[PDB]
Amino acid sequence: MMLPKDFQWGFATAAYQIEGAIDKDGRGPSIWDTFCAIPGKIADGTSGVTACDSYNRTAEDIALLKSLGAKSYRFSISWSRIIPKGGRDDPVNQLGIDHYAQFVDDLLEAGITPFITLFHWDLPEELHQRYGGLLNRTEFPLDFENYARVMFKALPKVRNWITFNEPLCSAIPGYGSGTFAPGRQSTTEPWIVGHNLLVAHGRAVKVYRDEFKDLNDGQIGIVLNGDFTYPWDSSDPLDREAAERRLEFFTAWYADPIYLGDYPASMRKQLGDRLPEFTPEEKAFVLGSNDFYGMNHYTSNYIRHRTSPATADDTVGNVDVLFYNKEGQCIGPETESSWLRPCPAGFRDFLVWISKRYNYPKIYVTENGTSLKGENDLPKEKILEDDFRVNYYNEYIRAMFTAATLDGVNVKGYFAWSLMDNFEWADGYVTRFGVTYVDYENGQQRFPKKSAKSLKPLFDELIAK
């Protein structure tokens, strides 16, 4: 009937995705600086050299958040601004620390609680050259643990911390399909990388709980994405099992080692020895390493089982990922992202699925939003009238409302992706996710869309006091 007054809502951005200023104040190159220089890797042949220039427009971004009623804000820290070479024995740059510290002060003064992501895919390039970057089971968790501590220490006025954003994207697109940085294609390394990101997460959560959490009663967790599933043929039990296994390969991959203590049985049966075994030390780091559940969600798909055994390059659990069930019923209309079809029911079904499997944890929806098909080619007048994105936020947030208020899903926050149009990775600047239109051709000016002014009066209806 009503959301409690302690429910938060704001917007979400990512450092390399908006900041720009890639060489400014001694910022070291990330693996995405390197990746974008490879021709054909970004659809529009662009990079994050300028993006939204948000690094230099701190006062503007906070005024926009305030003017939209956002009392919370999720952003990420560019590691290579803090430690340009990344390693624990590498010199700390004070200029990026001072930058983000001044940003947090400028946020709190406007009354906006920050929610900070430590690792949003932009690993320092040097760590990748020095020892293999994410592939190193020994070095990277040590270097990330130190980097996390440097931030926990630098920003004591922050209580809401995030280790990794969507570790699945750093493993399969980064080491399996090669669509994301560093750009490798292996049948084995995406499973080693995911293991390394788990251990790195557990090490940082231990350091934070032991020394920095009780100072101001904060919290830290990992952010896992995940789209829901429905049987392609509801009458075929193989498609119901295929729907569950698909979710296990997407999300239980990282969540089962955190809440239950080991990888999903279904992945172990299929991957065998390519899926690593947690050492006792590694298991003590990862098991129970979430103060909260950081949840990204976007869509749902129909899942059809497969009759032949899985190939070596399979990453999704040997299933077909479709937009129509056997009877021809569609998930939803197309967006600019080929993988995103709106399905508000899958947002609530996912929240409930997380709850039942992990004993109803504290959930923060850290990303939710949509792209719009052809939006990048529309005239500015049509872009601001984004009824497709307005409708996308009303049905989903009201679905979240039902899961929280009726099912009892312990969800305590929601963050709309994104605050503004930005650099959608391999899609470039063609794919626009923001509730604020950004005109890249004319000084990266901001123009709030009909979706931006839409979320305050919606949450005012759903949250009490």
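One-based numbering along the sequence shown.
**Student:** With reference to the PDB entry, specify whether the mean Cα temperature factor is higher for 214 to 222 or for 381 to 389.
**Tutor:** Going by the record's values, the stretch with the higher mean is 381 to 389.
**Student:** When the Cα temperature factors in the entry are averaged, is it 304 to 312 or 291 to 299 that ends up higher?
**Tutor:** Averaging CA B-factors over each stretch, the winner is 304 to 312.
**Student:** From the list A345, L107, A252, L197, select the residue with the highest C-alpha B factor recorded in the entry.
**Tutor:** Across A345, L107, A252, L197, the entry lists the biggest C-alpha B-factor for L107.
**Student:** Sort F164, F323, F144, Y73 by C-alpha B-factor from the entry and give me just the highest.
**Tutor:** So the option with the highest C-alpha B-factor is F323.
**Student:** State the tercile, meaning the lowest, middle or highest third, of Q17 with respect to the CA B-factors recorded for its chain.
**Tutor:** Ranked within chain, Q17 CA B lands in the middle tercile.
**Student:** Consider only the C-alpha atoms of the modelled residues in this chain, order them by B-factor as the entry records it, and name the third containing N93: lowest, middle or highest.
**Tutor:** According to the entry, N93 has a C-alpha B-factor in the chain's highest third.
**Student:** Lowest, middle or highest third: which one holds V430 when the chain's residues are ordered by CA B-factor from the entry?
**Tutor:** According to the entry, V430 has a C-alpha B-factor in the chain's middle third.
**Student:** If you rank every modelled residue in this chain by C-alpha B factor, which third holds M400: lowest, middle or highest?
**Tutor:** For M400, whose C-alpha B-factor we compare with every modelled residue in the chain, the answer is the lowest third.
**Student:** Should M151 be placed in the lowest, middle or highest third of its chain by the C-alpha B factor in the entry?
**Tutor:** CA B-factor rank for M151: middle third.
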